[PDB]
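Peer 1: Please find one structure pasted underneath; my questions will follow.
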Amino acid sequence: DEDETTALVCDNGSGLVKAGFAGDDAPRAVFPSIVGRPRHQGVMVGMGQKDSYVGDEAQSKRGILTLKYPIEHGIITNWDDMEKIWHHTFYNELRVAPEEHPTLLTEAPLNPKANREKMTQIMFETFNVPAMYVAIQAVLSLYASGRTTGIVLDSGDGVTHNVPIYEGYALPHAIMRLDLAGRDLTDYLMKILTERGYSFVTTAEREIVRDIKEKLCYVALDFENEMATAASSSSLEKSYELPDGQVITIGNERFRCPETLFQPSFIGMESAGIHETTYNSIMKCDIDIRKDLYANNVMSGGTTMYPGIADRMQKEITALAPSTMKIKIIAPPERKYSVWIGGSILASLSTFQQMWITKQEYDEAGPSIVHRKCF
Amino acid sequence: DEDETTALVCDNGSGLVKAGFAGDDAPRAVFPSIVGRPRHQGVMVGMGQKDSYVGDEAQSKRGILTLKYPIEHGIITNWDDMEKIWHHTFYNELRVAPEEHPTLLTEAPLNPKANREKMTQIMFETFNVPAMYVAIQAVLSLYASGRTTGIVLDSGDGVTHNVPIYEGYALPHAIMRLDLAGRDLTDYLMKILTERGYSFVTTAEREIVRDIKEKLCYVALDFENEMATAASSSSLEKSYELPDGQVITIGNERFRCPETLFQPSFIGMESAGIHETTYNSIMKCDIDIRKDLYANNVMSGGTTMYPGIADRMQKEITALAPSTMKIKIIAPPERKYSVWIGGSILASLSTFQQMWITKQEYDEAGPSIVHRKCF
Amino acid sequence: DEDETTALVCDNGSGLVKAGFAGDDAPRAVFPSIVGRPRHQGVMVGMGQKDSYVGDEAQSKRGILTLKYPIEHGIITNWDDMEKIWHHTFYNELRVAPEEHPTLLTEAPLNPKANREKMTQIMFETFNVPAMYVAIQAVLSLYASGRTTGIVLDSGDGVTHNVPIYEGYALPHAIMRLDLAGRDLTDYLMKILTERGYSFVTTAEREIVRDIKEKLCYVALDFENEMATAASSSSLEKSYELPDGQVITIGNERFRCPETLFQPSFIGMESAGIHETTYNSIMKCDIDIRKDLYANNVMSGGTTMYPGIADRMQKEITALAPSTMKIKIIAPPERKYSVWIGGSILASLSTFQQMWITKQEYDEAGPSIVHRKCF
Ligand SMILES: Nc1ncnc2c1ncn2[C@@H]1O[C@H](COP(=O)(O)OP(=O)(O)O)[C@@H](O)[C@H]1O
Ligand SMILES: Nc1ncnc2c1ncn2[C@@H]1O[C@H](COP(=O)(O)OP(=O)(O)O)[C@@H](O)[C@H]1O
Ligand SMILES: Nc1ncnc2c1ncn2[C@@H]1O[C@H](COP(=O)(O)OP(=O)(O)O)[C@@H](O)[C@H]1O
Ligand SMILES: [Ca+2]
Ligand SMILES: [Ca+2]
Ligand SMILES: [Ca+2]
Numbered sequence: 003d004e005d006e007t008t009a010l011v012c013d014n015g016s017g018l019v020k021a022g023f024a025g026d027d028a029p030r031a032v033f034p035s036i037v038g039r040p041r042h043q044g045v046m047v048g049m050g051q052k053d054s055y056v057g058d059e060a061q062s063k064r065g066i067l068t069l070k071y072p073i074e075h076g077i078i079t080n081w082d083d084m085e086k087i088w089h090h091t092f093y094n095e096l097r098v099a100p101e102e103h104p105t106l107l108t109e110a111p112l113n114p115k116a117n118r119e120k121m122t123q124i125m126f127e128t129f130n131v132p133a134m135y136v137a138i139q140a141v142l143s144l145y146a147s148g149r150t151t152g153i154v155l156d157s158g159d160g161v162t163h164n165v166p167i168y169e170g171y172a173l174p175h176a177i178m179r180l181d182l183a184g185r186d187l188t189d190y191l192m193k194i195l196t197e198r199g200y201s202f203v204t205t206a207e208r209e210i211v212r213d214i215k216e217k218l219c220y221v222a223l224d225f226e227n228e229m230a231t232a233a234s235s236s237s238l239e240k241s242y243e244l245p246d247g248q249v250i251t252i253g254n255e256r257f258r259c260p261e262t263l264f265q266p267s268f269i270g271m272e273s274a275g276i277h278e279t280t281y282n283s284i285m286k287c288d289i290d291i292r293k294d295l296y297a298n299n300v301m302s303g304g305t306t307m308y309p310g311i312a313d314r315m316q317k318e319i320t321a322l323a324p325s326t327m328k329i330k331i332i333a334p335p336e337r338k339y340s341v342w343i344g345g346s347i348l349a350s351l352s353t354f355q356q357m358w359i360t361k362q363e364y365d366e367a368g369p370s371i372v373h374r375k376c377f
Numbered sequence: 003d004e005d006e007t008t009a010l011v012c013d014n015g016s017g018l019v020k021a022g023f024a025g026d027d028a029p030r031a032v033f034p035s036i037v038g039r040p041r042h043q044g045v046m047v048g049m050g051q052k053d054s055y056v057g058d059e060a061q062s063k064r065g066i067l068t069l070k071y072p073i074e075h076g077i078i079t080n081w082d083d084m085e086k087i088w089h090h091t092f093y094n095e096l097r098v099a100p101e102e103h104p105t106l107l108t109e110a111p112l113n114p115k116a117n118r119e120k121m122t123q124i125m126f127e128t129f130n131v132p133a134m135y136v137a138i139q140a141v142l143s144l145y146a147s148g149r150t151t152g153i154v155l156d157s158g159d160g161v162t163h164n165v166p167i168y169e170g171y172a173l174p175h176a177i178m179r180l181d182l183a184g185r186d187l188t189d190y191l192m193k194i195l196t197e198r199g200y201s202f203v204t205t206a207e208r209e210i211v212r213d214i215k216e217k218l219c220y221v222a223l224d225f226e227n228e229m230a231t232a233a234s235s236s237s238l239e240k241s242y243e244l245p246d247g248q249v250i251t252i253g254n255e256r257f258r259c260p261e262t263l264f265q266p267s268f269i270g271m272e273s274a275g276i277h278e279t280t281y282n283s284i285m286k287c288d289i290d291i292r293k294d295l296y297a298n299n300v301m302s303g304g305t306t307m308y309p310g311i312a313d314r315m316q317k318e319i320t321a322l323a324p325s326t327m328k329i330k331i332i333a334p335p336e337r338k339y340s341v342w343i344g345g346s347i348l349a350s351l352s353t354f355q356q357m358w359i360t361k362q363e364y365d366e367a368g369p370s371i372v373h374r375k376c377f
Numbered sequence: 003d004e005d006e007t008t009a010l011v012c013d014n015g016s017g018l019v020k021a022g023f024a025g026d027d028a029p030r031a032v033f034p035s036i037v038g039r040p041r042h043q044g045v046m047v048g049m050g051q052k053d054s055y056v057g058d059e060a061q062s063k064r065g066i067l068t069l070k071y072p073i074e075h076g077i078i079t080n081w082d083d084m085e086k087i088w089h090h091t092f093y094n095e096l097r098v099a100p101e102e103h104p105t106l107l108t109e110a111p112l113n114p115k116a117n118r119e120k121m122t123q124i125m126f127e128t129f130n131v132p133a134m135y136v137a138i139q140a141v142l143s144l145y146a147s148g149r150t151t152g153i154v155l156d157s158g159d160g161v162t163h164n165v166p167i168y169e170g171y172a173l174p175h176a177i178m179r180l181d182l183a184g185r186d187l188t189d190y191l192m193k194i195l196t197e198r199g200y201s202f203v204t205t206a207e208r209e210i211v212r213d214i215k216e217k218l219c220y221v222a223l224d225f226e227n228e229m230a231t232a233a234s235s236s237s238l239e240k241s242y243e244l245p246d247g248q249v250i251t252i253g254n255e256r257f258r259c260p261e262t263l264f265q266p267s268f269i270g271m272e273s274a275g276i277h278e279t280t281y282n283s284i285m286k287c288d289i290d291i292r293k294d295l296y297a298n299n300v301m302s303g304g305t306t307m308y309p310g311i312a313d314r315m316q317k318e319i320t321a322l323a324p325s326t327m328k329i330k331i332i333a334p335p336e337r338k339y340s341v342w343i344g345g346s347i348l349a350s351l352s353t354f355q356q357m358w359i360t361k362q363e364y365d366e367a368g369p370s371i372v373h374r375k376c377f
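Protein chains in written order, with the UniProt record's numbering: chain L, 3 to 377; chain A, 3 to 377; chain D, 3 to 377.
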């Protein structure tokens, strides 16, 4: 752009599309990745602007809408709403043409084989797009922290991934992938809320469950001890008067939903927490590579934001690991935009030009350019 | 007697007071759950009978009273109502004391936690009943249908709940509690009858709504087919009469009220159907578990008592039935009384007694011991 | 038993306990060597029979169960479920008392020093058992095929062992032992399945991965050539509609998991296939002993069952071996019960009574009887 080549850097996901230009710090154009349709039909003369209320416009005027949620855990329910989702990004906020610039996205790691080629086709075959890459989340983060080796657990909304990384990259014997992440701890709140009285069952009230959660829940440090502390009215109970009008006293539900990360006994599955799936990934490596993965455990995404979390793992993760060390969680101050900032560097560094899919390469290769260049 | 002490059995959520002994066949009190409170008073030299009335005189001598639903969405509204009813119906209608004979109550499946406690309080603290169970409705219909494996969809007037029992019970992921039942059809009927003739507002016509709801309304053959036929008011429309002097013809809105159980299309807000909640129970179980669940779909409760249901669950559940196993319903003939028959059977057993709550499994133990005998 | 002494013969393993009496052809009492516990909790009144659902009863009613898997690669995860495993075998199927007869197991070769004693103690110190041996797998097979010399590669479920045998027995310089066997092929399938979409992550679905795999996967004859043949829909793709409901089109995964035996590039190790570890064992011998090992390569276990396998090695194993010969794989028609049939002969031949551990010999020697008689 202007004197230089430049580009756009993007982290999508299940929850938030976070768009920017390139060489930026952190995001500029950010919206939730959903389309919303009029559910509350009667008729119209005056109408609240839209056909498809999108992202930001959508999450704002919730109460006419069935929010059609797309990328639930990396898998998109049906693709059709997505092309409208990205029709926001470029031309509405950024005012660029995707037909001009390079586009960095993220691989939401272990998104299926065909979704690589389906996404590149939206861009190269439908919307032109001059070059693109889609960078595999958790490892970007590492470098922006100033780490080489470590075990990175990176989870925003959709999927939970423990990634052992070193001076060289990881491979699909060791690394793991669970459902039970940041949006599951959003949705999981309502399965519990029943025992006080409330279930925000339906679609606008669903988005309120996300919203209530993120602002004032916390993680239990040791749940079992804090369960008697549920008799202490002051630490727990606090008043969410909904600005529409209903008071959710979120009491125990504040930490009982966040515990589910470490405790899957609660939902009903044999997953161990992210503490134990961290051992699971670190053990199935070579024998020598380990020492330094223990020296720095990188913790990132919209999952690792909640109050009381790094501390937790600093107890937990000693119990059934190797013993001989300085074990140390490295969560950055803002640790959620891990993906984004680590990607920003790659998009700015003109040394990245060894790697990416350029316009013509797609037509030369066919749709299986993406697994001709990458994997 | 024999195995048990011999309790009273009461299914009495939002809809009807069904009460009798353990050992009785069909229940002996059978009238609505309605709490009568006099509004049309004026002055009196002598007034007709009670303070709080139950469905005895409140269905007979309607329009002087307010005909209050004591329970809405499975949850008990206030403590004039059921506090009186669960001594009254045993004292007056049956003629034994609950101080003498123990009490089996219905739990409208998954009320709040302290409602287990408070329904126990009515027995233990208020009257001093020597033992009781506030028991989860679908579990009664289950053992009336005699088995281990069954996906039990029990729809009362109060709530609907989908319980997948296998060769072992449901873990806390598999189940579904559903805010769509016969009470929603009560509020729905007074909503819809407007466009045909009859706008309904108060508690008096809320009883007349029940009267139309349970016998002239039904679920259609298919919605689309009976709707396409619905220019034919001669074929479709027939009268109920308000038993007093007012003719009520309904025909299209025969089905377009309980058809809400299959399609949420009618409502306003998206309370999901018996169809979707069958899937959200059957699918949310283990991966090797559905074969004999699909072969044993138990359809029960007050609100499933129609035609358009055992037949239609053989039809519509085929949409997400994969190529191997097929749908096979278990609908009892009287499936409103399957709850009651199951209660009579269960309250005749020592296994159910030891599972329930004794009067001194409370004071000394700590009252949420109720919520820790059952759930 | 009856007129004679007789005994029970018994291959165990990682996957299947295969029990019989003695002088039998092949097995009688056969079950998978696992204990299952109720993971799907809820409550009970009706219950699906068991505390510990075991082996056969376990693998049948999967969906309530956490299957607690014991002997993963010869090493048992914790022993406690094992004594219930063998409390099937004798009394439940066979009817016999282990307190009466001789017992012939297998050494799962290179099962650790103490596991020899620990196993004999379960039987001699806990369960009496009048005589026992535990025969070292791969060499039993040889004789039942009517071979003396050959290189035997036996692997069933747990471990992979290349065993050079001659007119006299092998020793621990030459013989080798890998992990990467029949059950690792089983489990490996899910760490690939992700590309298409599926990952049967959890415990009942884990057992389904074993089950799917064995019935319709195949081995690639030369994988690299067959990778273009992945475009041919008919040879590959085939419909596993799960009898619970979910279609696994196992396409490429059919052969890409079986290739891992020859190709460890695909998990992520250095291990050359069982082709090359065959050279590895055959080279580190004396100089003369070789000629005849090449004349008959014996190939056995639950590993060597899969369609296209002996043929494979008949290409492969010429490339980096000695050149001057009639090289020849001898896989028997049924080649999996190698261990069992070769053991059956030894149990029947009363000339075996120069070798075993008899009841009293244990108490005379202490727990180290097993290394006082054997190794
Ligand atoms: N201030 C905040 N504190 C905690 N969580 C937050 C905050 N703001 C947003 N979130 C959470 O971040 C999540 C969205 O993560 P997302 O960035 O979409 O991850 P991804 O892009 O990788 O899918 C949601 O669960 C949301 O509630
Ligand atoms: N033949 C029938 N078909 C459908 N509904 C019926 C029929 N007979 C009675 N009902 C209705 O069944 C409901 C009673 O169910 P009930 O078990 O009392 O509710 P709850 O489960 O809340 O206790 C009422 O709405 C009643 O009018
Ligand atoms: N018909 C079959 N064809 C192929 N493999 C089979 C068949 N039946 C069972 N298996 C496989 O045999 C293996 C079990 O081997 P096992 O007999 O337990 O060896 P071991 O006793 O020495 O541990 C499993 O991988 C299972 O899938
Ligand atoms: Ca992201
Ligand atoms: Ca009821
Ligand atoms: Ca074996």
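Note that CB positions come from ideal geometry on N, CA and C, so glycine has one too.
Which ranges does the beta strand (DSSP E) cover as unbroken runs of at least 3 residues, wholly within the segment 154–208 of chain A, from first to last along the chain?
Peer 2: Entirely contained in the segment 154–208 of chain A, the beta strand (DSSP E) runs reaching 3 residues are, in chain order, 162–167 and 178–180.
Peer 1: Is there at least one Cβ from chain A nearer than 7 Å to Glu-74 (chain L)'s Cβ?
Peer 2: Counting from one through the first sequence, the residue named residue 74 (chain L) turns up at place 72. Chain A, which has no Cβ nearer than 7 Å to the Cβ of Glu-74 (chain L), makes this no.
Peer 1: Kindly indicate the opening and closing residues of the alpha helix (DSSP H) around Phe-354 (chain A).
Peer 2: As a first step, residue 354 (chain A) must be located in the second sequence, where it is residue number 352. Looking at the DSSP string, the run of the alpha helix (DSSP H) that includes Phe-354 (chain A) is 352–357.
Peer 1: Note down, in chain order, each residue of its chain lying with its Cβ closer than 7 Å to the Cβ of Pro-334 (chain A), except the 5 sequence neighbours on either side.
Peer 2: In the second sequence, the residue the question calls residue 334 (chain A) occupies position 332. Taken in chain order, the residues that qualify are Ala-146, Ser-147, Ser-302 and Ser-340.
Peer 1: Rank L:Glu-101, L:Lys-20 and L:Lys-286 by C-alpha distance to the C-alpha of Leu-173 (chain L) and give the top, closest one.
Peer 2: Position 171 of the first sequence holds residue 173 (chain L). When each option's Cα is compared against that of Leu-173 (chain L), the closest is L:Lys-286.
Peer 1: Let me know the secondary structure DSSP gives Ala-116 (chain L) once reduced to three states.
Peer 2: Your numbering for residue 116 (chain L) matches position 114 in the first sequence. Helix.
Peer 1: Using a Cβ-Cβ cut-off of 7 Å, state whether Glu-216 (chain L) counts as contacting chain D.
Peer 2: For the purposes of this step, residue 216 (chain L) is identified with residue 214 of the first sequence, where counting begins at 1. Not an interface residue.
Peer 1: Could you tell me whether the segment 6–14 of chain L touches the segment 89–108 of chain L, using the rule of 3 or more Cβ pairs below 8 Å?
Peer 2: As far as the Cβ criterion goes, the segment 6–14 of chain L touches the segment 89–108 of chain L, which means the pair count is three or higher.
Peer 1: Which residues, in chain order, does the segment 244–278 of chain D contribute to contact with chain A at a C-beta distance below 8 Å?
Peer 2: Residues passing the 8 Å Cβ filter: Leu-244, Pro-245, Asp-246, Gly-247, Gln-248 and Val-249.
Peer 1: Going along chain A in order, which residues have a C-beta closer than 9 Å to the C-beta of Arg-64 (chain D)?
Peer 2: Taking the first residue of the third sequence as position 1, residue 64 (chain D) is located at position 62. Residues of chain A passing the Cβ test: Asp-288, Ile-289, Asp-290 and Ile-291.
Peer 1: What residue range is occupied by the uninterrupted beta strand (DSSP E) comprising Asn-299 (chain A)?
Peer 2: Residue mapping note: residue 299 (chain A) aligns to position 297 of the second sequence, counting from 1. Counting along the chain, the beta strand (DSSP E) containing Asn-299 (chain A) begins and ends at 299–302.
Peer 1: Under a Cβ-count criterion, where at least 16 other Cβ atoms within 10 Å of its own Cβ denotes burial, should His-90 (chain A) be classed as buried or exposed?
Peer 2: By 1-based counting over the second sequence, the position of residue 90 (chain A) is 88. With 16 or more other Cβ atoms within 10 Å, it is buried.
Peer 1: Could you please go through the chain and list the residues whose beta-carbon is closer than 7 Å to any non-hydrogen atom of ligand 6?
Peer 2: Per the Cβ criterion, the list is D:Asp-13, D:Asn-14, D:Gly-15, D:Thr-108, D:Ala-110, D:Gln-139, D:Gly-158 and D:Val-341.
Peer 1: Under a CB-based cut-off of 7 Å, is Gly-199 (chain D) close to chain L?
Peer 2: As a position in the third sequence, residue 199 (chain D) is number 197, starting the count at 1. It does: the Cβ of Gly-199 (chain D) has a partner Cβ on chain L nearer than 7 Å.
Peer 1: Keeping to the same chain, check which residues put their C-beta closer than 8 Å to that of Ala-232 (chain A); ignore five residues upstream and five downstream.
Peer 2: Position 230 of the second sequence holds residue 232 (chain A). Contacts found: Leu-238, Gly-253 and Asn-254.
Peer 1: Does the beta-carbon of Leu-18 (chain L), which I'm using as the reference point, lie nearer than 6 Å to any heavy atom of ligand 8?
Peer 2: This structure simply doesn't include ligand 8; it includes ligand 1, ligand 2, ligand 3, ligand 4, ligand 5 and ligand 6 instead.
Peer 1: Could you tell me which chain L residues have their CB closer than 8 Å to the CB of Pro-114 (chain A), listed as they occur along the chain?
Peer 2: Translated into positions along the second sequence, residue 114 (chain A) becomes position 112. Those within 8 Å of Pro-114 (chain A) in chain L are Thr-196, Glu-197, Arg-198 and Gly-199.
Peer 1: What are the uninterrupted segments assigned as alpha helix (DSSP H) that are 4 or more residues long and contained completely in the segment 7–41 of chain L, given in chain order?
Peer 2: As far as the segment 7–41 of chain L is concerned, it has no whole alpha helix (DSSP H) run of at least 4 residues.
Peer 1: What is the DSSP secondary structure of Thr-91 (chain D), counted as helix, strand or coil?
Peer 2: On the third sequence, position 89 is the one that residue 91 (chain D) refers to. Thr-91 (chain D) falls in the helix class under three-state DSSP.
Peer 1: Where DSSP assigns a beta bridge to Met-134 (chain L), which residues make up the other side?
Peer 2: Within the first sequence, the letter at position 132 stands for residue 134 (chain L). BP columns for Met-134 (chain L) point to L:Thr-105 and L:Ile-359.
Peer 1: When the Cα atoms are used, what is the spatial distance from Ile-289 (chain A) to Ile-78 (chain L)?
Peer 2: Mapped onto the second sequence, residue 289 (chain A) falls at position 287. Mapped onto the first sequence, residue 78 (chain L) falls at position 76. Approximately 22 Å, taken between the alpha carbons.
Peer 1: The alpha helix (DSSP H) that contains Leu-244 (chain D), what's its start and end?
Peer 2: By one-based count along the third sequence, residue 244 (chain D) stands at place 242. No alpha helix (DSSP H) contains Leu-244 (chain D), which DSSP labels as neither H nor E.
Peer 1: So is the beta-carbon of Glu-74 (chain A) under 6 Å away from any non-hydrogen atom of ligand 2?
Peer 2: Counting from 1 along the second sequence, the entry for residue 74 (chain A) is found at position 72. False, no ligand heavy atom lies under 6 Å from that Cβ.
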